[PDB]
Amino acid sequence: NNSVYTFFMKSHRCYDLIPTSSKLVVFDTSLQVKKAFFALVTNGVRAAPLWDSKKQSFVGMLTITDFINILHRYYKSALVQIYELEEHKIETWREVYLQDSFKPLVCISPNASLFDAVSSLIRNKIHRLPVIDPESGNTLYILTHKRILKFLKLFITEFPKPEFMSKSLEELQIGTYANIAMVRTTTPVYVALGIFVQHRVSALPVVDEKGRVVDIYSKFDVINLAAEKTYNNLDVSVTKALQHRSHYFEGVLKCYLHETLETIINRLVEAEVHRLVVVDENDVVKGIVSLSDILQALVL
Amino acid sequence: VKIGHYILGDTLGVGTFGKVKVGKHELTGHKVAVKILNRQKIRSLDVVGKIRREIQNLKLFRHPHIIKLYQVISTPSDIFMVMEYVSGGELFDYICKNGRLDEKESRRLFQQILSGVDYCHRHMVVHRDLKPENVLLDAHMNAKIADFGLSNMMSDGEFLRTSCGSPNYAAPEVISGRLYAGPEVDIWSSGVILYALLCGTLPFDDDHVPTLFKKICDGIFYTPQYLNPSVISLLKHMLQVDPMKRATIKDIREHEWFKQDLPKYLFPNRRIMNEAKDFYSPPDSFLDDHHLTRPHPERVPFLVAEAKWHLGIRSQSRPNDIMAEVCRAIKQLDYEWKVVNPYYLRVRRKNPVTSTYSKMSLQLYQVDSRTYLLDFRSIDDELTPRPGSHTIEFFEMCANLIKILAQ
Amino acid sequence: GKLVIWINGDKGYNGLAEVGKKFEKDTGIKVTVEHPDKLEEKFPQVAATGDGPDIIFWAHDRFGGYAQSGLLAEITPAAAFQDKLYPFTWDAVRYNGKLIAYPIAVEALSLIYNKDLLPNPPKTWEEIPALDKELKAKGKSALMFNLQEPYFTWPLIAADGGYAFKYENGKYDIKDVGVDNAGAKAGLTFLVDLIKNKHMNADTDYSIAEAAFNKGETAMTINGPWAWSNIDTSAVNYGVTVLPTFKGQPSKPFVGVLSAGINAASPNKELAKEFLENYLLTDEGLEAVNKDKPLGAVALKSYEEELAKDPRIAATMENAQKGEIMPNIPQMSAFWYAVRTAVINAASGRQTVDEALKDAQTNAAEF
Amino acid sequence: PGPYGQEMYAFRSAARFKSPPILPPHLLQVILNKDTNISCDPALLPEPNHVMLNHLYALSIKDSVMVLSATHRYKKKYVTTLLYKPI
Ligand SMILES: Nc1ncnc2c1ncn2[C@@H]1O[C@H](COP(=O)(O)OP(=O)(O)OP(=O)(O)O)[C@@H](O)[C@H]1O
Ligand SMILES: Nc1ncnc2c1ncn2[C@@H]1O[C@H](COP(=O)(O)OP(=O)(O)O)[C@@H](O)[C@H]1O
Ligand SMILES: Nc1ncnc2c1ncn2[C@@H]1O[C@H](COP(=O)(O)O)[C@@H](O)[C@H]1O
Ligand SMILES: OC[C@H]1O[C@H](O[C@H]2[C@H](O)[C@@H](O)[C@@H](O)O[C@@H]2CO)[C@H](O)[C@@H](O)[C@@H]1O
């Protein structure tokens, strides 16, 4: 089990993980929110390290979870209240947001091992882990779960493949199987956002009257509101919001409990998604797996 | 002369700086080529660093088609560089002696050469002067590149001002005193060499020197029926007068003619990244016959729901006027400068929170007769691991400038 | 408008200035004097282009390669001046039938020995390692000279029967190479047996021997007429005697001549080179010898009768009679650098004695 | 090794009539305005040229904020850093 994976993640450093040429942005704390948000769709990136001009350090990170938080927390009506949050600032939301708890910015040197990176990932429950060189002080890349799992599966070869392939997904008991948070396809976005902010969930697979997953509602999908200027109205359902790509998506990416973990991770790196909803012949949703759970299993 | 075991033979040539001779080992009879740089003659000129930036470089280089510097021995009489000596002599005497060459030979040689000059480009050196008289041949009649006197060192984000070399083989851009990058002038001298290796005659030839520059700056050249159109294409695209439309080592690599009959011992964690990580150039043929594509999941709302990056600051005014305005505003900002050239500055600030210092360079350009451009270039820090961001301190210095310069 | 004169570091700038003051008062122009290190390489850099200084002070021999280049100026002798001033010195400065240099001083090396300690000076090279064997019981040393310059070291190498060049007649063979012979083998082998037996330190250069001699830490060094001005500041009572012989055959010190060679300038008069300089030589040369340093070997009999009263001058004479005048040909320059490289390679362990001699012969043949 | 006459005050203009340097066309080639592939990644970029790296590529100031970027080199890795900083 841990004979080959832990060794492979301790011997290789984070430097090799970084791609050759990439585009990265950073934000200032004096900037306003809505500006940076409208910018995040035009630039194609969803995350940015915050830089405060006065403190001369990296104060934090800006992801789409912050977008979701500010949208849910400050929302009264759907057409005449939207004034207040337009003029809001990044450092002002930073100051009011850390009234409840003080969570600083975490970073890892790219010379350190991959094991320490995925250790920071799990132990702080953060998907976006910057790498900052100690000498130059520059923020090279933002490490992600998806990259590390694609690099684990693609690199491995049949002669170093473990003996752990034989066990099936069911019997191994990996994932959250008890409390599956769901929403209906006629429920608005607002409640899904509530469920996002209150729980630790990364997406919701929407269900019909029977309980068959026809689509999914991701925390990344919400930026299309800020792209098509439809963030004003949150009363509409998630079917109205996902209608934009109804001509484009192929289908629901899903696996079973009787398949092998090999084929599951290969269809996961081949579809490049965050999860595979496990269903049955009925298509009722028993449990949801995550990338983070797979990484946690791999490290130990 | 003799240093260790070599008795000099016959004088080969006059060389760039000093003459070159042939050593001969006293017991086995090995033949080396010894470059004699006369001490007096190079100390007269200021070139004493230009030789250094050759000596530094040629100590590292090892390539089977590049002439390998063995050792450099310095003594108050003169400087000695020992290199491998080949029997076949210079290329222009085989061009002369054999006239025009067929495709198999010219091809093979051009591949060996191009592979050399790639190997050089990658290690951040560019040798300006390319001509058959600077490149030799061995007993196996391969391609050897000898003369490296007129070379230079490639620095990060630094163009080249010095234009030298043969009058026929000098690039169209360098003859008009223009700043230029190292790879394309080499590629263009490669392409005129390749032309010479096929027809026998120079592509741009004339006795009158001003007419020659005009003929170089013009893109027209003779295209015989001696060879297939693939090479004609490859030359037209390789010898383009526009450096933006001039091919690169890649662009030549994936060309049809070039691939044919190519032994692979020319081009050599890096390879793991190359294969699997990169998959994670647009093909023209695939686009025409395929209407189905698989978009990355991060992009999929953008091409369903569907920005011009300027070079820098442009203000149309007098050069001295704008530079005086800039030197007044950088002083108003209480920072400090030095000037090397009247249009060049090296400026630095001190960190307010730490005791460290950050630097950068300013060079004013001209986009055209009506408008100028003011460029902003960053630098490196040699030694200390500083707990601060170079890139951000640079951007903030540039911002604090541009704010006072606009408003 | 300003005359720059580069001078060697052993020379004194103040003495030259005192001689120049009389000319300076009449002219009204002041002369700057500097001493740049390694003046061997500093003159032919600017001489090939005509830059920088005006007058160079240096030995005559390395002008015979400057002249072969064509850099040096040309002068013509005068019948009424050449005969009266000097009987024979013209021979030494006559290149291709034309004078190229002004002979100033006949110079030769000599032994400068302590009188209070080691009261009797040696006269042979064969009792010097036995005098060091005797003096390494008291804590002193016999001979400690510069082993980096071959001007001092040659007369020990060439004393056993090793000759680079024969000048019995004008004819000579360029093909024949003669420094790997028996004499030079025994003399380099005997100096490597002097270094290996811990008699002589192989790290002393000109500076170390000059600081050890100006302070009186070494009893003997072969330097010349300079350091006597520094012995007068030292307590050591001293004498000047003939260089030691070897197997009966005396040592052969080379005969340098300090010369002043005009450097290139954009205007150059032809009359100034000969007519003006001849008048200067009579006054500039006579006064310099009288004021500071007695050279003792001058070609004017009037001030020779006064200088032949010093027995140190007759010791320099009795050296210079037993020696060999240096050929003025330029290849002797390419000989000088050969010999220096014989004496630093055998002493550093990079090369053996046989290898050093073979290397010197190859340098003569192949340069 | 170039001499410069006066620093505190401007004594006289340069003796040369014209000394402007003309922009080479290698800094006009911007990598951000290049449209990347749809299928690979919005984050990645094609490989830039070693010359144009250290120079600064400023986006036009639109709404009271500055928008600047630079491509910084590392050992075997290139990165493009964008900063949006308000005035
Ligand atoms: N199980 C699934 N079934 C159907 N569609 C899915 C599934 N998982 C993800 N998707 C679709 O894939 C898209 C991207 O999902 P994902 O969260 O993996 O992207 P991401 O958040 O950009 O990646 P990362 O988690 O690395 O940031 C979403 O728009 C979603 O519609
Ligand atoms: N490196 C970090 N250090 C501290 N907090 C972070 C970091 N990255 C993100 N956060 C915070 O954690 C929340 C969730 O971030 P993350 O899980 O990385 O992105 P996402 O939720 O979009 O996957 C964000 O609201 C952000 O404020
Ligand atoms: N939609 C979900 N329903 C239930 N649990 C989830 C869901 N999404 C994520 N989790 C859990 O949250 C943990 C980390 O979440 P994440 O990092 O966002 O993948 C995992 O261990 C999961 O069990
Ligand atoms: O040692 C080589 C050197 O010997 C002589 O140089 C003498 C010079 O003549 C003196 O004036 C004084 O400077 O001491 C020098 C030796 O250190 C030769 O004249 C010279 O050509 C030769 O290089």
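FYI, residue positions are counted from 1 along the chain as it appears here.
Cβ atoms are placed via backbone N, Cα and C, with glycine included.
Counting only same-chain residues at least 6 apart in sequence, those with a Cβ under 8 Å from the Cβ of A:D221 (ATP 2 binding site) are A:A241, A:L242. Annotated ADP 2 binding site per Swiss-Prot: A:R46, A:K146, A:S218, A:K219, A:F220, A:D221, A:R245, A:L253, A:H274, A:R275, in sequence order.
A:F220 (ADP 2 binding site) carries neither a helix nor a strand DSSP state and counts as coil. Listed in sequence order, A:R46, A:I64 are the same-chain residues six or more apart from A:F220 (ADP 2 binding site) with CB atoms under 8 A from its CB. The ATP 2 binding site annotation in Swiss-Prot covers A:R46, A:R128, A:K146, A:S218, A:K219, A:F220, A:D221, A:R245, A:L253, A:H274, A:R275 and is backed by similarity to another entry.
For A:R46, A:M61, A:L62, A:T63, A:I64, A:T65, A:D66, A:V106, A:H127, A:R128, the entry in Swiss-Prot reads ATP 1 binding site, with the evidence type similarity to another entry. The Cβ neighbour count for A:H127 (ATP 1 binding site), using a 10 Å radius and every protein chain shown, is 20. According to DSSP, A:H127 (ATP 1 binding site) is assigned to coil rather than to any helix or strand.
Annotation comment: Swiss-Prot describes A:19-79 as domain 'CBS 1', evidence class sequence analysis. Broken down with DSSP, the domain 'CBS 1' (A:19-79) shows 21 helix, 20 strand, 20 coil.
What Swiss-Prot records for A:101-163 is domain 'CBS 2', and it gives sequence analysis as the kind of evidence.
Taken from Swiss-Prot, the feature domain 'CBS 3' applies to A:174-236, supported by sequence analysis.
According to Swiss-Prot, the phosphoserine annotation covers A:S237 (among others), on the basis of similarity to another entry. Other Cβ atoms within 10 Å of the Cβ of A:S237 (phosphoserine) number 17 in total over all chains.
Around the Cβ of A:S246 (phosphoserine), the same chain contributes no residue under 8 angstroms that is 6 or more positions distant in sequence. Under the three-state DSSP scheme, A:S246 (phosphoserine) falls in the coil class. Taken from Swiss-Prot, the feature phosphoserine applies to A:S246 (among others), supported by similarity to another entry.
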Listed recorded positions with Cβ under 6 Å from ligand 1, out of A:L62, A:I64, A:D66, A:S246: none
Listed recorded positions A:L62, A:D66, A:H127, A:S218, A:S237, A:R245, filtered to Cα within 10 Å of A:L253 (ATP 2 binding site): none
Pairwise CA distance, A:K219 (ATP 2 binding site) versus A:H274 (ADP 2 binding site), rounded so that it is a whole Å: 11
Lowest local Cβ density (other Cβ within 10 Å) among binding-site residues: A:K146, A:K219, A:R245: A:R245
Largest separation between Cα atoms (Å) of residues that the record links to ATP 2, namely A:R46, A:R128, A:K146, A:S218, A:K219, A:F220, A:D221, A:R245, A:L253, A:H274, A:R275: 27
Most Cβ neighbours inside 10 Å, all chains, among the binding-site residues A:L62, A:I64, A:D66, A:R275: A:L62
Among A:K146, A:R245, A:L253 (the binding-site residues), residues with Cβ under 8 Å to chain B, listed in sequence order: A:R245
Around the Cβ of A:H274 (ADP 2 binding site), the count of other Cβ atoms that are within 10 Å: 21
Inter-residue Cα distance where the pair is A:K146 (ATP 2 binding site) and A:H127 (ATP 1 binding site), in Å: 9
